[PDB]
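Starting off, we have a lone chain in the form deposited in one PDB entry, written out as structure tokens.
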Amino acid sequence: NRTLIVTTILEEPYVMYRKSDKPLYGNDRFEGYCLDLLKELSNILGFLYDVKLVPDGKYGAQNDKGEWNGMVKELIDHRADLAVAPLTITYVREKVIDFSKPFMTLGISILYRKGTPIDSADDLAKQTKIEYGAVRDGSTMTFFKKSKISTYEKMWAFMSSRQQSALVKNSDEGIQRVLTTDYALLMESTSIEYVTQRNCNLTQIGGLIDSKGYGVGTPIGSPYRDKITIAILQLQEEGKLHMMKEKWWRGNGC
């Protein structure tokens, strides 16, 4: 039967290895928000699918020569039909793949410890005692690199100084850096919500710096893009996306 290849990436709570006492195979290896979304999308549109982790473990960014990696590259090269992941819809990516409409909203915000006077990005940009950074090569880092807003230009100049020592390789490294040192992590708000539900010592600082979403990636010209968009809108209007987020985000309270 026609089976779509879905590229994705391990990222809590979107895609995680399921825990079992024996080896797992196929789609049963995984669970998480994105698996539930795939199940709902397939139920509406009637397609079969095979989840496959992106081989290089990357979301998708450009090098100096305009060459892409990650899930974006898998779509460009027609090695996957869909990308289902917290793949941020951005200008540079939308030019080379097709995105569905967003299934989740988010903005860049600040993850930091509780109990401090810091209240906004302006509070970080004006000083240098508190170190701050972002995940290297993600859409958050790219936002600061490209911004012409004075405050975010200043922050990029700090972040990019000293061989980019303020950046981190992944979100888990950044979270541990926040917990151990005087460091603030610039992180997508949905991930902050997940983290602060589980670490009562951490909080979001200020509001959202920008406004964007995660969408399902398809190769340019894909006939599934518009169908997936429609299904996402249906799931939103029925309240199902809200229930899915609550299912996977809610912690044990603080």
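Numbering starts at 1 and follows the sequence shown.
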query	finding
Residue range whose averaged C-alpha B-factor is higher in the record, 180 to 188 or 154 to 162	154 to 162
Stretch exceeding the other in mean C-alpha B-factor - 88 to 96, 123 to 131	123 to 131
Residue, from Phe47, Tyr214, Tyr194, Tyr59, that the PDB entry assigns the highest Cα B-factor	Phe47
Chain thirds of CA B-factor: placement of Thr105	middle
Cα B factor band for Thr203 (lowest, middle or highest third within the chain)	lowest
Chain thirds of CA B-factor: placement of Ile149	highest
Chain-relative CA temperature factor third for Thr229	lowest
Ranked against its chain, the third holding the CA B-factor of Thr7	middle
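As for the form deposited in another entry, it is not shown, yet the points below apply to it.
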item	value
Option at the hinge, rigid-body rotation between this form and the one not shown, list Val54, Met141, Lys212, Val92	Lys212
